[PDB]
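To begin, one chain is listed below as structure tokens, in the form solved without ligand DPJ.
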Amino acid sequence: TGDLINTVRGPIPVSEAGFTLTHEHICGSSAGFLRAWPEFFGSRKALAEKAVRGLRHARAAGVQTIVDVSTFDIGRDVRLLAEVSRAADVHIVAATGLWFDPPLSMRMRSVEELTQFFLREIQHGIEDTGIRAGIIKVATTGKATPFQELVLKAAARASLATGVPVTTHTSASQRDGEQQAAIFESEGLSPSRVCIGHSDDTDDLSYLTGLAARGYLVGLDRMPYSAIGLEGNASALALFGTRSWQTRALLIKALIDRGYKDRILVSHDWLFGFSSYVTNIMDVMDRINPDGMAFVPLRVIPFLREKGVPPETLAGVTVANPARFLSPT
């Protein structure tokens, strides 16, 4: 009791977060896009309605909180998040940071300037809303670009000043987490403040246990993603991969079996609208996973239970781990 986390509806006690999905999106887009071209999504109204239906379905399955890791350059619309959170009665934690599509006005900035931006979104509020970010999202796609090095350093500095955790996008097959770790540690950031994400995109347990041993949280966060049976769709293949959800879920058990139950975070990386990829990708996704953000509780958790993972362990992964991660520390 006592510790608090910021959500799009204001502060909540850490203990009320409950079953928490730590890497999710209401909408995957671009800065200013929803404001300029809402018809891309049918309408803003239709997008909101779809998101509310989706979050209510997750809620029914026992999800109490999601962390929307959409940054500025993912086109995060905090007003939209607040609206859908209110209508579905599911907590949403918003993010600061930068993903891999920053515009020039961000790309030209120094580490000091980026630190000031991230601190603004955490301490003051996002835009003119007063809604405060509760996590910092960063990204590499292979070896960090020079700018990405600055972003990771600024994220470490903002985290040290505020206690808010850092979470990452990686190219997992390229083992980006090792370089990300080195950068964070060079700034004196504690590994317990960091989740190395998309770590279920690889079956390389040497890579994953190496990180877990050092105290990093390992994000197994793309559970429903698979293009099995859609191999003729090049764009779906490239984004989803050729590994089954069962293959992804097996990594949760693998890390538990190797003593790392306290180092695992589980999610879908789902969304309800998606403009930063090919047209109609959302329709393809909705066909692969009609359950959306209820997929983890409905399919993954029972799968693990049937493999013999104890209820206490599953509760520790889906409740205790997100709570420790999100609590400002």
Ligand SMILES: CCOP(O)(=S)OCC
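Each residue number is its position in the shown sequence, starting from 1.
Not pictured, yet referred to below: the form solved in complex with ligand DPJ.
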field: 4.5 Å heavy atom contact, residue 295 and ligand DPJ in the deposited complex
entry: no
query: Might residue 54 be said to contact ligand DPJ in the deposited complex, defining contact as any heavy atom within 4.5 Å?
result: no
message: Just checking whether residue 99 would be counted as a contact of ligand DPJ in the deposited complex - the rule being heavy atoms within 4.5 angstroms.
response: yes
- prompt: Any chance residue 193 has a heavy atom within 4.5 Å of ligand DPJ in the deposited complex?
  reply: no
Residue among 160, 228, 239, 87 with a heavy atom within 4.5 Å of ligand DPJ in the deposited complex: 239
task: Note which of 92, 95, 151, 74 lies within 4.5 Å of ligand DPJ in the deposited complex, where distance is taken over heavy atoms; exactly one does.
output: 74
statement: Only one of 22-30, 256-264, 297-305, 37-45 has residues with a heavy atom within 4.5 Å of ligand DPJ in the deposited complex, and that stretch is 22-30
query: Which residues, if any, of 186-209 lie within 4.5 Å of ligand DPJ in the deposited complex when only heavy atoms count?
result: 198
